[PDB]
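Keep in mind that the numbers below use all heavy atoms, side chains included, and drop hydrogens, waters and symmetry copies. A, B, ... follow the sequence lines: proteins, then strands. Residue 1 opens every chain.
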Number of protein chains: 4
Amino acid sequence: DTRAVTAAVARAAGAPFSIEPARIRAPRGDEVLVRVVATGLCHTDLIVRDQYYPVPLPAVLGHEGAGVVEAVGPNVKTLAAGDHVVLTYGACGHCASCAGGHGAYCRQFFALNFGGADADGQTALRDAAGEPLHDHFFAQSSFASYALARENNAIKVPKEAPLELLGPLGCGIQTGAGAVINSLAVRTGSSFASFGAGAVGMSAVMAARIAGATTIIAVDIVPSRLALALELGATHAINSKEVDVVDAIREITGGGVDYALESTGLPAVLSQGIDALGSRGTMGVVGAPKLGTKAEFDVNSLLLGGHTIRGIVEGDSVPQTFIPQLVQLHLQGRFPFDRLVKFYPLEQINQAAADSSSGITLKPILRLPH
Amino acid sequence: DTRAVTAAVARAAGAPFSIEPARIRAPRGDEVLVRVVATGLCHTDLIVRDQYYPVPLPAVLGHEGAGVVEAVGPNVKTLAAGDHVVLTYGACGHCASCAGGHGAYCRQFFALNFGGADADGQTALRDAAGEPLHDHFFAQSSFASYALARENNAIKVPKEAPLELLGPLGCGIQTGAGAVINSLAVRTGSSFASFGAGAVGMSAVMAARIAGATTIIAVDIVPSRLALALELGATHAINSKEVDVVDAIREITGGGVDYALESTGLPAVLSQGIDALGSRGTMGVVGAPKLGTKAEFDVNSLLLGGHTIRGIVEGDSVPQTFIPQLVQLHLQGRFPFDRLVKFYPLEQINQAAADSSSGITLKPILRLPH
Amino acid sequence: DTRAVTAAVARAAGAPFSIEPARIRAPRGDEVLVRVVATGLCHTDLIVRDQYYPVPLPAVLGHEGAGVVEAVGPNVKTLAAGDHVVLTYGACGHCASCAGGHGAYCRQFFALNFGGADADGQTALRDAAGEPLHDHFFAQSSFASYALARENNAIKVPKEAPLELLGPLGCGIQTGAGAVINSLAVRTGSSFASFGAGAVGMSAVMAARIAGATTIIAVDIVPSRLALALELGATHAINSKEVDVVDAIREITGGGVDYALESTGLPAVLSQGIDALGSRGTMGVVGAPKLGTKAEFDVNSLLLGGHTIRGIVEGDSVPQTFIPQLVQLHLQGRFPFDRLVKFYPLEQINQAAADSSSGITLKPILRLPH
Amino acid sequence: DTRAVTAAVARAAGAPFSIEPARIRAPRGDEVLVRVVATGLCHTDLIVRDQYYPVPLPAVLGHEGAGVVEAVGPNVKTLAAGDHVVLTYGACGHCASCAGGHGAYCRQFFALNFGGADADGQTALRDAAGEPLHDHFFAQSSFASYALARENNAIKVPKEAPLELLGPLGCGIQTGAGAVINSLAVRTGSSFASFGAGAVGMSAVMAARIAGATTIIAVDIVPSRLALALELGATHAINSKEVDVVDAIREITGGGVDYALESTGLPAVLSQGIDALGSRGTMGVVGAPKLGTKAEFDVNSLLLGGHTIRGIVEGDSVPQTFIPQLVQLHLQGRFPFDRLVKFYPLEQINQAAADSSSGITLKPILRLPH
Ligand SMILES: [Zn+2]
Ligand SMILES: [Zn+2]
Ligand SMILES: [Zn+2]
Ligand SMILES: [Zn+2]
């Protein structure tokens with residue numbers, strides 16, 4: 001019982017996406033088949049398209065999907081046709097990390113999210129000529145009008161929420177907001193600095209406001225992002241080309257910030273931000289540089305300051321509870337991540353990729369045809 | 001009401017200590033005057049003697065004192081003459097860090113512990129000719145037969161404990177044991193690696209056994225320290241000159257250790273030990289290199305592993321509760337830190353310094369004359 | 001160097017306060033002398049006036065003072081004349097609980113706050129005829145135009161804050177807000193119910209909104225308090241005379257609330273509220289019934305639900321950091337506790353007491369003459 | 001592909017078990033078929049046999065199984081034939097509680113553990129005449145020579161461990177040890193009291209010793225259990241018929257215990273034990289009285305003491321990590337729970353039930369025939 005889809009396909013390293021007819025098989029096991037309404041586009045999709053992470057091509061990418069369950073496998077227990085879902089990253093659900101509530105550190109994370117196929121090497125998508133299309137990208141491959149996900153990464157959300165907006169809660173927004181709320185455990189009355197005011201950093205700024213922080217510092221080089229950060233809840237905005245960011249943060253906070261989040265991936269920014277921590281302060285790291293990149297820290301500064309540096313994957317959340325919390329906060333007017341979004345038709349995916357790379361659009365969302 | 005003391009005096013950078021008569025004034029305010037029974041000697045005393053940290057000379061050092069309260073200032077509330085006390089580091093007791101239970105990060109730490117005088121620039125000790133001797137070293141200057149401490153760093157311990165053994169609980173042993181129990185929060189069933197098997201590292205090994213760790217790895221280059229570590233509770237001992245320590249720890253733990261403590265101060269050891277962390281593992285840092293020393297970490301390894309690096313001062317404990325817990329564990333036969341100790345008369349301080357520097361003695365304790 | 005004050009004096013059990021001239025001595029030790037601008041009035045003052053807690057009479061009560069430091073004792077380290085301070089409860093600062101950052105559980109709490117005199121049995125206030133007036137009430141006795149406090153319960157606040165509003169941050173508002181932020185650790189996306197919408201409960205409602213709770217339920221019997229609670233950040237208001245509160249909370253939250261705070265002191269309300277907890281939910285208890293009062297719980301409900309019941313004193317905060325956080329949140333427009341307040345001249349203290357007892361005024365603040 | 005088993009069957013309320021031939025079907029889905037070596041017997045089995053919890057009869061009970069995987073369903077990912085497993089309680093693995101690492105509070109706990117059948121109402125066991133035998137008891141029904149369990153409650157353990165001893169780690173021993181290590185988070189230097197010295201209480205005593213507690217108090221009425229508790233790591237033993245337990249604990253601990261665990265299920269013991277808590281102390285509750293049973297607490301004592309009361313199910317652990325930690329501690333000589341055990345052949349199940357009820361045997365283990 002296969003069915004026709006329209007998909008954006010990456011066929012060559014660094015080449016534009018092609019919009020193509022394809023076919024997807026029926027769900028098996030505890031998979032759900034999702035009619036995809038809209039999917040966020042991320043720099044991470046483009047990094048895979050460029051083969052810096054060489055997921056085998058031709059491939060259907062996309063890892064910020066939102067849609068409606070159309071069919072369920074025989075093992076699905078908790079989703080039903082008609083449910084609205086946000087598609088998040090894959091996890092195995094049975095390893096020690098998954099079992100402890102930390103699926104972000106699943107032993108099988110890279111196989112399930114970057115493998116290009118299921119554990120048997122099979123794909124669920126075929127192209128117009130019947131050839132396999134590498135898929136299972138973040139256990140969803142949601143750059144297509146239909147997607148398969150496992151029940152545990154298809155997150156039910158209230159039907160009254162505006163579904164086409166919600167796909168980026170499956171990755172980038174959960175990463176920034178979860179880094180603040182869960183990993184760093186930012187709380188009432190603390191100071192927080194976001195190094196980077198892209199979609200992840202803005203999500204962190206907004207999350208720190210929700211969590212009760214009284215000083216919320218956005219650091220970037222783009223004046224319009226700094227202006228937007230102030231509108232989204234930051235108390236201070238620092239242009240790092242114009243001041244010494246370490247000295248500036250020390251002035252604002254009286255000696256250094258309680259919590260910081262590095263989302264640029266630039267090791268010089270990371271090394272500098274660690275110096276901006278205050279007594280017992282904690283830097284969380286979510287931006288990834290090229291493999292092999294090192295950062296340095298001053299040992300005595302870390303020691304005498306009681307400083308912490310912590311790596312964070314995907315916001316280290318429990319998505320099935322955390323994504324609906326973010327939806328509710330948004331519905332309450334407390335989490336305006338719609339301000340990060342521009343919508344595009346799937347057909348315009350290459351323009352959205354360009355706008356993502358140029359920074360003109362913090363979070364493109366592609367609307368799928370049906 | 002001044003009184004005569006015998007003191008070890010550092011008069012010149014890098015020069016041997018001289019044993020000299022001196023005089024100490026009566027306690028004021030909330031000071032207690034302590035008849036010092038025995039004091040640990042630390043590399044940190046020798047680093048100050050060598051003026052790498054230039055506490056003004058001539059100075060009376062010593063920061064691991066144990067003794068009997070002989071007199072109290074008029075503001076002392078909770079100590080009385082005859083009480084047995086361990087002398088720990090100074091803290092102001094009124095800053096935000098002190099008020100939160102984290103005196104190790106007191107805003108006034110360096111003034112109170114390394115200033116060489118009280119806040120008015122006055123010393124409580126004078127030499128035989130009546131000249132000031134810089135003092136207040138770790139709020140005690142316990143290389144002398146009598147010492148002044150404030151009530152909040154004179155820690156009451158049970159009179160049935162063997163008092164002459166207990167002074168090192170005021171610094172090095174509390175640092176290693178507190179790093180494990182408090183900062184890292186090592187708990188039942190976890191894996192722990194000590195990088196360094198000096199007095200601090202051995203204390204950490206013993207503390208990890210108390211706290212319930214099931215894999216306890218001692219890393220050093222001295223075979224006799226590794227042999228001793230196995231006797232004191234380590235499950236594994238690694239000679240880092242003989243194996244790749246990162247690979248060896250990964251083998252023992254199935255991928256990396258939950259908790260690690262760096263006490264050598266060697267930045268290459270620190271950078272290497274951070275690589276040995278397992279998923280969501282935490283490296284604690286207590287060994288201090290020369291100021292300005294940097295260490296590096298692989299950003300993606302820290303990020304993808306959810307690794308934490310944390311600086312730790314003095315074991316980040318509450319000494320008035322933690323030191324008596326360590327005494328009780330010792331009395332119960334569960335904390336054999338006596339195995340680190342060799343006793344020397346104060347007159348032999350320079351031989352104890354030599355044995356500390358050569359590594360022949362993990363923890364010299366100097367017995368004071370009276 | 002004594003000085004004249006105007007004080008409200010409780011001379012007889014249950015009798016109206018009398019406004020009287022008095023004299024206060026100069027500060028000693030680490031006391032500060034505060035020119036009191038305005039002081040909150042609490043039911044707790046009236047309970048002592050009524051001698052249910054028999055603080056010896058004649059007595060000057062008041063434990064929510066705000067004012068300006070006028071003089072300091074010779075041991076004061078961190079306050080200076082001209083500083084704006086909120087006066088909170090007394091703690092000894094040297095016991096194990098104080099040393100761990102939990103002065104709310106100070107071993108000397110009742111002596112320091114309810115003793116009626118200092119530890120030597122001496123009062124700092126004398127009446128017009130020169131007789132002692134029992135004082136040191138919550139280490140302040142701030143129903144007077146001047147008050148003595150110790151440095152550790154005189155909390156510096158920014159001079160730009162409206163000082164006359166801030167005294168209730170020293171007790172009732174810190175109790176409600178700290179119970180939520182610190183003891184219960186309410187966090188983003190959780191559900192919270194306040195049993196009681198007096199000043200403490202309203203503070204808890206406002207604090208839960210600051211901390212990120214997405215369901216915030218106010219429970220009371222007074223329609224105007226429920227209406228006000230919705231304006232101050234509650235998502236739901238329940239009149240417990242009109243619905244079954246347990247069933248109603250279960251409906252709103254899908255099975256029970258994550259966090260609850262009991263501030264009425266009514267044991268039937270407490271026992272009922274514990275039933276309203278959801279899976280792994282926690283009830284915090286701040287309202288005190290008469291001594292000897294018991295509450296009951298269903299053992300299997302607590303066991304099978306993983307429920308927690310926790311007693312909370314004074315919001316279990318670190319006041320010197322927490323009170324300035326609440327001031328900053330108020331200045332940012334995020335903590336509108338001014339909506340609880342009505343101002344009265346000290347001369348009208350008995351009318352404010354009446355309005356407190358009748359519930360007409362949630363938090364009277366008395367303005368002091370000078 | 002069904003296969004023959006020998007099973008202990010409960011056919012009538014309160015009646016002796018009957019040993020009977022039966023047949024079990026092949027595993028499906030993510031089930032594993034286990035050749036059961038030995039199974040603990042619990043009062044909880046007898047409570048179901050007596051129909052106080054009316055699991056439908058005829059039924060095969062047993063919920064402390066240990067055995068060897070003989071066959072796997074097609075969805076099993078992480079177990080293979082030949083693996084040694086301890087069988088613990090069932091959880092769904094996909095609800096919010098499971099997803100957060102708290103399967104003890106699974107939304108489906110009672111269906112999965114007390115339903116008497118799978119979710120379709122089907123049993124996997126049939127008796128000699130072919131009639132259904134109610135099963136799936138704690139997702140195992142391990143009073144039989146073969147058992148079906150789901151992969152997520154079949155916990156792999158090292159093959160070198162003595163397998164026949166390990167079944168009680170699947171319930172009673174994990175409950176006592178996990179209550180101490182996980183729920184209460186007993187840590188180095190704390191005081192702990194076990195109310196009850198049955199198998200659960202003894203496990204808690206042993207776990208508190210592992211976790212570093214320096215005062216470990218066993219409370220019971222049976223002198224031989226108190227004597228055994230001292231041998232297994234308790235520092236103090238209290239016969240509650242001979243002293244006032246509250247006063248005695250207050251004397252031993254200097255005012256009350258940091259942590260307590262109630263395992264008798266007697267509400268008078270619970271209410272009394274809550275009074276024995278010290279400042280900021282926590283009582284954990286694992287013993288279950290009859291449904292509808294209430295306990296009381298003094299509100300002011302709980303409030304002024306900052307006391308906590310917490311319900312605990314199954315030790316609130318992650319069994320796949322916690323059970324192997326307990327096995328390792330046992331192999332290291334640090335967890336001597338073999339001292340609780342007496343072995344019996346399955347044929348003697350009714351004598352083991354009698355010895356359990358009389359208290360003569362703390363933890364019977366039944367050896368299965370094959
Ligand atoms: Zn996994
Ligand atoms: Zn301080
Ligand atoms: Zn105190
Ligand atoms: Zn579940």
Residues that B:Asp118 engages under salt bridge (charged side-chain N to carboxylate O under 4.0 Å, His left out), provided they are two or more places apart: none
D:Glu251: partners by side-chain hydrogen bond (donor to acceptor under 3.5 Å, both in side chains), with sequence neighbours left out: none
Results of side-chain hydrogen bond (donor to acceptor under 3.5 Å, both in side chains) for B:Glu31 - residues two or more places apart only: B:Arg25
For the student: nearest non-hydrogen atoms of B:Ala139 and B:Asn113, plus distance: N-OD1, 4.0 Å
Side chain B:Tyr105, main chain B:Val313, donor-acceptor under 3.5 Å: yes
Side-chain donor or acceptor of B:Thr215 paired with backbone N/O of B:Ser191 under 3.5 Å: no
Worked check of side chain to side chain donor-acceptor pair (under 3.5 Å) between B:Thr78 and B:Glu151: CA-CA 8 Å; B:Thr78 68; B:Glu151 174 162 45; 2.6 Å; yes
Exam field: side chain D:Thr253 to backbone D:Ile249, donor-acceptor pair closer than 3.5 Å: yes
Check: B:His134 side chain, B:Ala59 main-chain N or O, donor-acceptor pair, under 3.5 Å: no
Heavy-atom side-chain contact between B:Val34 and B:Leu87 under 4.5 Å: yes
B:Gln140: partners by side-chain hydrogen bond (donor to acceptor under 3.5 Å, both in side chains), with sequence neighbours left out: B:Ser142
Non-hydrogen side-chain atoms of B:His63 and B:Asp45 separated by less than 4.5 Å: yes
Residue pairs passing the salt bridge (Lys or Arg N to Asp or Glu O under 4.0 Å) test where at least one lies in residues 167-181 of chain B, sequence neighbours excluded: none
Audit row: B:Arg209, B:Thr235, side-chain contact (heavy atoms from CB on, under 4.5 Å) steps and yes/no: CA-CA 9 Å; B:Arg209 170 146 304 251; B:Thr235 58; 3.9 Å; yes
Results of salt bridge (charged side-chain N to carboxylate O under 4.0 Å, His left out) for B:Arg150 - residues two or more places apart only: B:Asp30
Any donor-acceptor pair under 3.5 Å from B:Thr321 side chain to B:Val318 backbone: yes
Sub-4.5 Å side-chain heavy-atom contact between B:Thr175 and B:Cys42: no
Reference residue B:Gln174; test side chain to side chain donor-acceptor pair (under 3.5 Å); the match among B:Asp316, B:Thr88, B:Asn182: B:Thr88
Pairs where residues 108-117 of chain B contributes a residue and the test salt bridge (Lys or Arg N to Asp or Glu O under 4.0 Å) is met, not counting sequence neighbours: none
All salt bridge (charged side-chain N to carboxylate O under 4.0 Å, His left out) counterparts of B:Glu262, not counting sequence neighbours: none
Side-chain donor or acceptor of B:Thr361 paired with backbone N/O of B:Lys363 under 3.5 Å: no
Flag, side chain of D:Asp258 to backbone of D:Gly278, donor-acceptor distance under 3.5 Å: no
Aromatic ring pairing B:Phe114/B:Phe137, orientation class (parallel under 30°, perpendicular over 60°, tilted between): perpendicular
Contact summary for B:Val327 and B:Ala161, nearest pair of heavy atoms: CG1-CB, 3.6 Å
Minimum-distance pair of heavy atoms, taken over all atoms of B:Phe143 and B:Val60: O-CG1, 3.8 Å
Pair listing, side chain to side chain donor-acceptor pair (under 3.5 Å) test, anchored in residues 192-205 of chain B, at least two apart: none
Working for side-chain contact (heavy atoms from CB on, under 4.5 Å), residues B:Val37 and B:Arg367: CA-CA 6 Å; B:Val37 170; B:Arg367 290 183 171 127; over 6 Å; no
pair C:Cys92-C:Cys98: side-chain heavy atoms closer than 4.5 Å: yes
Audit row: B:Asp355, B:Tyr344, side chain to side chain donor-acceptor pair (under 3.5 Å) steps and yes/no: CA-CA 11 Å; B:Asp355 295 349; B:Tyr344 302 73; 2.5 Å; yes
Residue list, side-chain hydrogen bond (donor to acceptor under 3.5 Å, both in side chains) with B:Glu70, at least two apart or on another chain: B:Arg3, B:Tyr146
B:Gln328 and B:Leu331, any side-chain heavy atoms less than 4.5 Å apart: no
Short side-chain to backbone donor-acceptor contact, B:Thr264 and B:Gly196, under 3.5 Å: no
Reported CD1-to-CG distance for the pair B:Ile173 and B:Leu340, which is rounded to 0.5 angstrom: 6.0 Å
Distance in Å, B:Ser141 OG paired with B:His136 NE2, rounded so as to fall on 0.5 Å steps: 8.0 Å
D:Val257 vs D:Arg250, side-chain contact (heavy atoms from CB on, under 4.5 Å): CA-CA, chis, key distance, verdict: CA-CA 7 Å; D:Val257 71; D:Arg250 286 173 179 170; over 6 Å; no
B:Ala124 backbone acceptor or donor facing B:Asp135 side chain under 3.5 Å: yes
Any donor-acceptor pair under 3.5 Å from B:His370 side chain to B:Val36 backbone: yes
Spatial distance of atom CD (B:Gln348) from atom CZ (B:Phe17) [nearest 0.5 Å]: 13.5 Å
Closest contact, heavy atoms only, B:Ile19 versus B:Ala8: CD1-CB, 3.8 Å
Derivation and outcome, salt bridge (charged side-chain N to carboxylate O under 4.0 Å, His left out), residues B:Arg11 and B:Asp127: CA-CA 11 Å; B:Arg11 290 202 172 261; B:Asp127 70 9; 3.0 Å; yes
With sequence neighbours excluded, residues passing side chain to side chain contact (heavy atoms under 4.5 Å, CB included) with D:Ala177: D:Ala207, D:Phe322, D:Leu326, D:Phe335
pair B:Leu368-B:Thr39: side-chain heavy atoms closer than 4.5 Å: yes
Side chains of D:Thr282 and D:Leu277 in contact at under 4.5 Å (non-hydrogen atoms): no
Taking every non-hydrogen atom, the tightest pair across B:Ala10 and B:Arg49: CB-CG, 4.1 Å
Closest contact, heavy atoms only, B:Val72 versus B:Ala81: CG1-N, 4.3 Å
Without placing hydrogens or testing angles, list every side-chain donor-acceptor pair under 3.5 Å for residues 219-234 of chain B, not counting sequence neighbours.
{"residue": "B:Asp220", "atom": "OD1", "partner": "B:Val222", "partner atom": "N", "Å": "3.3"}
{"residue": "B:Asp220", "atom": "OD2", "partner": "B:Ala197", "partner atom": "N", "Å": "2.8"}
{"residue": "B:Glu231", "atom": "OE1", "partner": "B:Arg339", "partner atom": "NH1", "Å": "3.4"}
{"residue": "B:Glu231", "atom": "OE1", "partner": "B:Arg339", "partner atom": "NH2", "Å": "2.6"}

Any B:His84 side-chain heavy atom under 4.5 Å of B:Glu160 side chain: no
